[PDB]
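K.L.:
Quick one, coords_32.tsv (TSV, C-alpha atoms and all ligand atoms):
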```tsv
chain	number	residue	atom	x	y	z
A	7	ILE	CA	93.07	85.06	105.91
A	8	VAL	CA	92.00	81.41	105.74
A	9	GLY	CA	88.49	80.51	106.94
A	10	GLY	CA	86.88	83.91	107.46
A	11	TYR	CA	84.63	86.28	105.53
A	12	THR	CA	84.51	89.60	103.73
A	13	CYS	CA	84.64	92.39	106.33
A	14	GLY	CA	82.69	94.81	104.27
A	15	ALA	CA	84.14	97.97	102.76
A	16	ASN	CA	85.50	100.48	105.26
A	17	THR	CA	84.28	98.52	108.35
A	18	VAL	CA	87.87	98.35	109.63
A	19	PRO	CA	88.84	102.00	109.34
A	20	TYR	CA	92.26	101.64	110.99
A	21	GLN	CA	93.40	98.97	108.54
A	22	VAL	CA	96.36	99.97	106.40
A	23	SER	CA	97.94	98.49	103.31
A	24	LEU	CA	101.69	98.83	102.91
A	25	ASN	CA	102.53	99.15	99.22
A	26	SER	CA	105.87	98.84	97.46
A	27	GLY	CA	104.59	98.69	93.90
A	28	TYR	CA	102.23	96.04	95.25
A	29	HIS	CA	100.59	95.07	98.54
A	30	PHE	CA	103.12	93.35	100.77
A	31	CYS	CA	101.97	93.85	104.36
A	32	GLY	CA	99.28	95.24	106.60
A	33	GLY	CA	99.34	97.74	109.40
A	34	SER	CA	97.31	99.83	111.83
A	35	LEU	CA	96.80	103.56	112.07
A	36	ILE	CA	97.44	104.68	115.65
A	37	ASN	CA	97.21	108.45	115.01
A	38	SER	CA	97.14	110.82	112.01
A	39	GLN	CA	100.89	110.53	111.46
A	40	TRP	CA	101.84	107.00	112.61
A	41	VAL	CA	101.34	103.37	111.64
A	42	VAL	CA	102.32	100.21	113.50
A	43	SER	CA	103.22	97.04	111.61
A	44	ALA	CA	105.61	94.11	111.95
A	45	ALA	CA	109.37	94.47	111.78
A	46	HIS	CA	109.55	91.71	109.19
A	47	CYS	CA	107.59	94.10	107.02
A	48	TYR	CA	110.58	96.40	106.76
A	49	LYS	CA	111.29	97.75	103.29
A	50	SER	CA	112.60	100.98	101.81
A	51	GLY	CA	110.20	103.14	99.78
A	52	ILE	CA	106.89	102.25	101.40
A	53	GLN	CA	103.64	103.89	100.42
A	54	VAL	CA	100.91	103.66	103.05
A	55	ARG	CA	97.41	103.14	101.70
A	56	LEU	CA	94.49	104.13	103.92
A	57	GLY	CA	90.77	103.68	103.44
A	58	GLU	CA	91.24	100.64	101.18
A	59	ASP	CA	88.96	97.76	100.47
A	60	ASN	CA	89.81	96.42	97.04
A	61	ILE	CA	93.54	97.01	96.74
A	62	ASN	CA	93.44	96.74	92.93
A	63	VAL	CA	90.67	99.26	92.25
A	64	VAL	CA	90.33	102.94	93.14
A	65	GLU	CA	87.00	103.03	94.97
A	66	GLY	CA	87.15	106.62	96.08
A	67	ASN	CA	87.92	106.54	99.83
A	68	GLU	CA	91.64	106.00	99.64
A	69	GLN	CA	94.51	108.12	100.94
A	70	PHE	CA	97.93	107.38	99.48
A	71	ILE	CA	100.76	108.70	101.60
A	72	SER	CA	104.50	108.05	101.46
A	73	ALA	CA	106.19	106.89	104.63
A	74	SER	CA	108.93	109.24	105.74
A	75	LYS	CA	110.49	107.08	108.39
A	76	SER	CA	110.53	103.51	109.65
A	77	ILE	CA	111.59	102.38	113.09
A	78	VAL	CA	112.21	98.73	113.80
A	79	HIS	CA	112.19	97.72	117.47
A	80	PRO	CA	115.79	97.78	118.81
A	81	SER	CA	115.60	94.16	120.01
A	82	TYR	CA	113.97	92.64	116.98
A	83	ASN	CA	115.44	89.22	116.29
A	84	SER	CA	114.62	88.12	112.78
A	85	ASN	CA	115.59	84.55	113.54
A	86	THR	CA	113.13	84.12	116.40
A	87	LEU	CA	110.74	86.91	115.37
A	88	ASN	CA	110.95	88.09	118.96
A	89	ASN	CA	109.96	91.79	119.25
A	90	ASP	CA	108.42	91.83	115.78
A	91	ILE	CA	107.20	95.43	115.73
A	92	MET	CA	107.88	98.50	113.57
A	93	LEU	CA	106.65	102.08	113.57
A	94	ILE	CA	106.05	103.98	110.32
A	95	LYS	CA	105.82	107.75	110.18
A	96	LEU	CA	103.64	109.32	107.46
A	97	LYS	CA	105.08	112.11	105.30
A	98	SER	CA	101.87	114.06	105.62
A	99	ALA	CA	99.11	113.54	108.12
A	100	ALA	CA	96.17	111.32	107.27
A	101	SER	CA	92.78	112.97	107.11
A	102	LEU	CA	90.61	111.13	109.63
A	103	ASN	CA	87.02	110.35	108.76
A	104	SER	CA	84.33	107.66	108.83
A	105	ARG	CA	86.51	105.45	106.64
A	106	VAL	CA	89.97	106.32	108.03
A	107	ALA	CA	90.30	106.14	111.78
A	108	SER	CA	92.85	105.52	114.52
A	109	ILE	CA	92.84	102.46	116.77
A	110	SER	CA	93.60	102.87	120.48
A	111	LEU	CA	96.65	101.38	122.22
A	112	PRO	CA	95.86	99.02	125.13
A	113	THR	CA	95.98	100.20	128.72
A	114	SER	CA	96.22	96.58	129.71
A	115	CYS	CA	96.83	93.16	128.16
A	116	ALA	CA	93.91	91.07	127.00
A	117	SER	CA	93.16	87.74	128.70
A	118	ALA	CA	92.78	84.24	127.24
A	119	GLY	CA	89.33	83.51	125.86
A	120	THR	CA	89.00	87.15	124.80
A	121	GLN	CA	87.48	87.42	121.33
A	122	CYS	CA	89.46	89.37	118.80
A	123	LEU	CA	89.18	90.64	115.25
A	124	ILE	CA	91.96	89.80	112.83
A	125	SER	CA	91.89	91.49	109.45
A	126	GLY	CA	94.01	91.52	106.29
A	127	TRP	CA	94.21	90.79	102.59
A	128	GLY	CA	96.49	87.80	102.36
A	129	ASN	CA	96.41	84.15	101.27
A	130	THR	CA	93.10	82.40	101.83
A	131	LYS	CA	94.25	78.85	101.22
A	132	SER	CA	96.02	76.44	103.58
A	133	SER	CA	97.21	74.41	100.62
A	134	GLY	CA	97.99	76.29	97.44
A	135	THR	CA	97.89	79.97	96.56
A	136	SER	CA	94.95	82.39	96.33
A	137	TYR	CA	95.17	86.11	97.15
A	138	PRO	CA	91.90	88.03	97.61
A	139	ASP	CA	91.61	91.65	96.56
A	140	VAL	CA	89.26	92.55	99.44
A	141	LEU	CA	89.74	93.08	103.14
A	142	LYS	CA	88.98	89.93	105.02
A	143	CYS	CA	88.05	89.33	108.62
A	144	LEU	CA	88.28	86.57	111.22
A	145	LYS	CA	87.00	86.38	114.77
A	146	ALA	CA	89.23	84.28	117.00
A	147	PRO	CA	89.82	83.90	120.75
A	148	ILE	CA	93.13	84.42	122.39
A	149	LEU	CA	94.36	80.96	123.37
A	150	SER	CA	96.01	80.15	126.66
A	151	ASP	CA	99.77	80.39	126.85
A	152	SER	CA	99.92	76.69	127.65
A	153	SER	CA	98.12	75.84	124.45
A	154	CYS	CA	100.38	78.29	122.61
A	155	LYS	CA	103.74	77.04	123.86
A	156	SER	CA	102.74	73.44	123.42
A	157	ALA	CA	102.19	74.02	119.70
A	158	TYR	CA	105.60	75.64	119.26
A	159	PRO	CA	107.92	74.17	121.91
A	160	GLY	CA	110.73	76.52	122.84
A	161	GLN	CA	109.60	79.14	120.25
A	162	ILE	CA	107.13	81.28	122.12
A	163	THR	CA	108.30	84.18	124.26
A	164	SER	CA	106.63	86.68	126.62
A	165	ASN	CA	106.23	89.05	123.66
A	166	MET	CA	103.99	86.63	121.80
A	167	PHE	CA	100.51	85.26	121.96
A	168	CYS	CA	98.42	82.77	120.06
A	169	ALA	CA	94.95	83.20	118.71
A	170	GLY	CA	92.56	81.09	116.77
A	171	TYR	CA	91.68	77.42	116.92
A	172	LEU	CA	93.68	74.34	117.82
A	173	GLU	CA	91.78	72.25	115.29
A	174	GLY	CA	93.06	74.42	112.44
A	175	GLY	CA	91.08	75.61	109.42
A	176	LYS	CA	90.88	79.27	110.45
A	177	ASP	CA	94.02	81.42	110.53
A	178	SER	CA	96.16	84.26	109.32
A	179	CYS	CA	99.72	83.75	108.07
A	180	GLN	CA	100.82	85.13	104.66
A	181	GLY	CA	97.24	86.29	105.16
A	182	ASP	CA	98.76	89.56	106.14
A	183	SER	CA	101.88	89.95	108.04
A	184	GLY	CA	101.83	93.17	110.02
A	185	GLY	CA	98.01	93.22	110.25
A	186	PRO	CA	95.97	94.17	113.33
A	187	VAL	CA	94.50	92.04	116.07
A	188	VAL	CA	91.84	94.09	117.84
A	189	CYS	CA	90.13	93.03	121.07
A	190	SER	CA	87.55	95.09	122.98
A	191	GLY	CA	88.35	98.12	120.88
A	192	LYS	CA	92.09	98.04	121.50
A	193	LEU	CA	95.04	97.01	119.39
A	194	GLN	CA	96.31	93.90	121.12
A	195	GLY	CA	98.15	92.14	118.31
A	196	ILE	CA	100.24	92.19	115.15
A	197	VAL	CA	100.20	89.27	112.71
A	198	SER	CA	103.73	87.90	113.09
A	199	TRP	CA	104.11	84.19	112.22
A	200	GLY	CA	102.72	80.66	112.43
A	201	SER	CA	103.96	77.35	111.03
A	202	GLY	CA	102.24	76.59	107.77
A	203	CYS	CA	98.75	78.07	107.76
A	204	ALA	CA	95.61	77.01	109.63
A	205	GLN	CA	97.12	73.64	110.46
A	206	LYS	CA	95.89	71.35	113.21
A	207	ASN	CA	97.63	72.35	116.44
A	208	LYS	CA	99.21	75.28	114.66
A	209	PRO	CA	97.50	78.54	115.74
A	210	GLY	CA	98.65	81.97	114.58
A	211	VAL	CA	101.37	83.84	116.53
A	212	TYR	CA	100.98	87.53	117.25
A	213	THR	CA	103.22	90.28	118.62
A	214	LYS	CA	101.91	91.16	122.08
A	215	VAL	CA	101.43	94.96	121.73
A	216	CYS	CA	100.61	95.59	125.38
A	217	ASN	CA	104.27	94.94	126.16
A	218	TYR	CA	105.27	97.77	123.85
A	219	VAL	CA	103.06	100.69	124.69
A	220	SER	CA	105.77	102.61	126.56
A	221	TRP	CA	108.17	102.12	123.63
A	222	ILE	CA	105.56	103.24	121.11
A	223	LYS	CA	104.58	106.38	122.98
A	224	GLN	CA	108.16	107.41	123.62
A	225	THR	CA	109.27	106.74	120.08
A	226	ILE	CA	106.40	108.56	118.43
A	227	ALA	CA	106.77	111.60	120.69
A	228	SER	CA	110.48	111.87	119.97
A	229	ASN	CA	110.33	111.38	116.21
T	1	CA	CA	91.15	100.51	96.46
```
Reformat the file's structure so that it appears as structure tokens.
P.N.:
Amino acid sequence: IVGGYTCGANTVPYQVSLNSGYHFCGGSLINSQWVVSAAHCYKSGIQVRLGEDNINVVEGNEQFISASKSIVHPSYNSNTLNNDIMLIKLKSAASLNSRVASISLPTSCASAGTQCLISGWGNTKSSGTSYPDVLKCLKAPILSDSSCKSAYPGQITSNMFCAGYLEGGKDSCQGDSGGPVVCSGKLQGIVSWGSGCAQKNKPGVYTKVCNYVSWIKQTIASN
């Protein structure tokens, strides 16, 4: 996350770290047994880390659970990043508490100008490399589709949205792929892509979760 702030420990209780010997992606806890992340976060041998703040130190609130199963969206196109969503089943259920909580699925899509919360651990610099060990946060509006498609001509589909600022400076990208975008208490987004990071007239691009709720509910119930 470039141009944000430190969330505060355990203030984003649905935030997940996906670990493969190291932190590689984010995700969101949607119930005791399931996580949603991005399809480009697919790996074998994931361990899902709940109740994290500092990913390099054991602070006491963590739950470390192996993933049993990953499901990439059938129509995921890794060239276009269209349908960039993946469901991760936990080997054992998470124990929900003050620090480890589920986030609700949307009943409807969020509108442009809606303020959202984007969290994650990743790269804080737009030029160069600096990875923070703490959970960072950004508040950013959902931009209009016009403003989104203009920035990435012929790249944006119906399953995407943009959030942040047109001027640049504040963004996520490398700043946690797979990480949540939460608006009015619902999971509206997944950190997917965005050209460079926090560049002028380059907003972030998020997987539009409200398109997927029927797929998520069906998949989780059948698996
Ligand atoms: Ca920790």
K.L.:
Within 7 Å of ligand CA 1 (chain T), counting only C-alpha atoms and all ligand atoms, which protein or nucleic acid residues do you find, written as number ranges by chain?
P.N.:
A: 58-65, 68
K.L.:
From the set A:85, A:40, A:128, A:140, which residue has the shortest atom-to-atom contact distance to residue A:15, counting only C-alpha atoms?
P.N.:
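That would be A:140, the residue with the smallest distance to residue A:15.
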K.L.:
Would you mind listing, for every residue of stretch 63-123 of chain A within 12 Å of stretch 19-38 of chain A, the two atoms forming the shortest contact and the distance between them in Å to one decimal, using only C-alpha atoms, sorted by chain and ascending residue number, as a tab-separated table?
P.N.:
```
residue	atom	partner	partner_atom	distance
A:67	CA	A:19	CA	10.6
A:68	CA	A:22	CA	10.2
A:69	CA	A:22	CA	10.0
A:70	CA	A:25	CA	9.4
A:71	CA	A:24	CA	10.0
A:72	CA	A:25	CA	9.4
A:73	CA	A:24	CA	9.4
A:91	CA	A:33	CA	10.4
A:92	CA	A:33	CA	9.5
A:93	CA	A:33	CA	9.5
A:94	CA	A:33	CA	9.2
A:95	CA	A:38	CA	9.4
A:96	CA	A:38	CA	8.1
A:97	CA	A:38	CA	10.5
A:98	CA	A:38	CA	8.6
A:99	CA	A:38	CA	5.1
A:100	CA	A:38	CA	4.9
A:101	CA	A:38	CA	6.9
A:102	CA	A:38	CA	7.0
A:103	CA	A:19	CA	8.6
A:104	CA	A:19	CA	7.3
A:105	CA	A:19	CA	5.0
A:106	CA	A:19	CA	4.7
A:107	CA	A:20	CA	5.0
A:108	CA	A:36	CA	4.8
A:109	CA	A:36	CA	5.2
A:110	CA	A:36	CA	6.4
A:111	CA	A:36	CA	7.4
A:112	CA	A:36	CA	11.2
A:123	CA	A:21	CA	11.5
```
K.L.:
Next, the residues of the selection above should be written as a tab-separated table (two decimals), in the coordinates of the input with C-alpha atoms.
P.N.:
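Written output follows (part01.tsv):
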```
chain	number	residue	atom	x	y	z
A	67	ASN	CA	87.92	106.54	99.83
A	68	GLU	CA	91.64	106.00	99.64
A	69	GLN	CA	94.51	108.12	100.94
A	70	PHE	CA	97.93	107.38	99.48
A	71	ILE	CA	100.76	108.70	101.60
A	72	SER	CA	104.50	108.05	101.46
A	73	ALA	CA	106.19	106.89	104.63
A	91	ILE	CA	107.20	95.43	115.73
A	92	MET	CA	107.88	98.50	113.57
A	93	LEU	CA	106.65	102.08	113.57
A	94	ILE	CA	106.05	103.98	110.32
A	95	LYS	CA	105.82	107.75	110.18
A	96	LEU	CA	103.64	109.32	107.46
A	97	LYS	CA	105.08	112.11	105.30
A	98	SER	CA	101.87	114.06	105.62
A	99	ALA	CA	99.11	113.54	108.12
A	100	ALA	CA	96.17	111.32	107.27
A	101	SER	CA	92.78	112.97	107.11
A	102	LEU	CA	90.61	111.13	109.63
A	103	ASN	CA	87.02	110.35	108.76
A	104	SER	CA	84.33	107.66	108.83
A	105	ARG	CA	86.51	105.45	106.64
A	106	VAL	CA	89.97	106.32	108.03
A	107	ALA	CA	90.30	106.14	111.78
A	108	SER	CA	92.85	105.52	114.52
A	109	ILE	CA	92.84	102.46	116.77
A	110	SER	CA	93.60	102.87	120.48
A	111	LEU	CA	96.65	101.38	122.22
A	112	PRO	CA	95.86	99.02	125.13
A	123	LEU	CA	89.18	90.64	115.25
```
K.L.:
As a list in words, please: the residues near residue A:169 (cut-off 6 Å, all atoms listed in the file, same-chain neighbours under 5 positions excluded).
P.N.:
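Residues meeting the cut-off are residues 147, 148, 149 and 210 of chain A.
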K.L.:
Under the rule that only C-alpha atoms are counted, which of A:124, A:188, A:44, A:7 is the nearest residue to residue A:138?
P.N.:
A:7
K.L.:
I need the residue nearest residue A:166 from this list: A:8, A:144, A:87, A:189. Use only C-alpha atoms for the distance.
P.N.:
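Closest candidate: A:87.
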K.L.:
Quick check, in Å to one decimal: how far apart do atom CA of residue A:161 and atom CA of residue A:86 lie?
P.N.:
7.2 Å
K.L.:
Given all atoms listed in the file as the basis, pick out the residue of A:206, A:145, A:75, A:131 nearest to residue A:13.
P.N.:
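Between A:206, A:145, A:75, A:131, the residue approaching residue A:13 most closely is A:145.
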K.L.:
May I ask for the distance between atom CA of residue A:55 and atom CA of residue A:39, given in Å to one decimal place?
P.N.:
12.7 Å
K.L.:
Would you mind reading off the distance between atom CA of residue A:225 and atom CA of residue A:79, one decimal, in Å?
P.N.:
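Computed distance, atom CA of residue A:225 to atom CA of residue A:79, equals 9.8 Å.
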K.L.:
Which residues are near residue A:137? Cut-off 8 Å, all atoms listed in the file, ignore same chain within fewer than 6 positions. Put them as a compact mmCIF listing (two decimals) with C-alpha atoms, in the frame of the given file.
P.N.:
```txt
# COMPACT_ATOMS: atom_id res chain seq x y z
CA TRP A 127 94.21 90.79 102.59
CA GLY A 128 96.49 87.80 102.36
CA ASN A 129 96.41 84.15 101.27
CA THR A 130 93.10 82.40 101.83
```
K.L.:
Pick the closest to residue A:207 from A:159, A:51, A:14, A:9: which is it, counting all atoms listed in the file?
P.N.:
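Under the stated criterion, the closest residue is A:159.
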K.L.:
May I ask which of the residues A:190, A:152, A:74, A:50 is the closest one to residue A:121, counting all atoms listed in the file?
P.N.:
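Of all the options, A:190 lies closest to residue A:121.
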K.L.:
Could you pull out every residue with an atom within 6 Å of (95.9, 80.1, 108.2), file coordinates, counting all atoms listed in the file, and send them as an mmCIF file with C-alpha atoms, keeping the file's coordinate frame?
P.N.:
```cif
data_model
loop_
_atom_site.group_PDB
_atom_site.id
_atom_site.type_symbol
_atom_site.label_atom_id
_atom_site.label_comp_id
_atom_site.auth_asym_id
_atom_site.auth_seq_id
_atom_site.Cartn_x
_atom_site.Cartn_y
_atom_site.Cartn_z
ATOM 1 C CA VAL A 8 92.000 81.410 105.740
ATOM 2 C CA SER A 132 96.020 76.440 103.580
ATOM 3 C CA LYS A 176 90.880 79.270 110.450
ATOM 4 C CA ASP A 177 94.020 81.420 110.530
ATOM 5 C CA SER A 178 96.160 84.260 109.320
ATOM 6 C CA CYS A 179 99.720 83.750 108.070
ATOM 7 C CA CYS A 203 98.750 78.070 107.760
ATOM 8 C CA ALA A 204 95.610 77.010 109.630
#
```
K.L.:
Against stretch 180-185 of chain A, which residues of stretch 45-75 of chain A fall within 12 Å? For each one I want the closest pair of atoms and the distance in Å (one decimal), counting all atoms listed in the file, rows by chain and increasing residue number, as CSV.
P.N.:
```
residue,atom,partner,partner_atom,distance
A:45,CA,A:184,CA,7.9
A:46,CA,A:184,CA,7.9
A:47,CA,A:184,CA,6.6
A:48,CA,A:184,CA,9.9
```
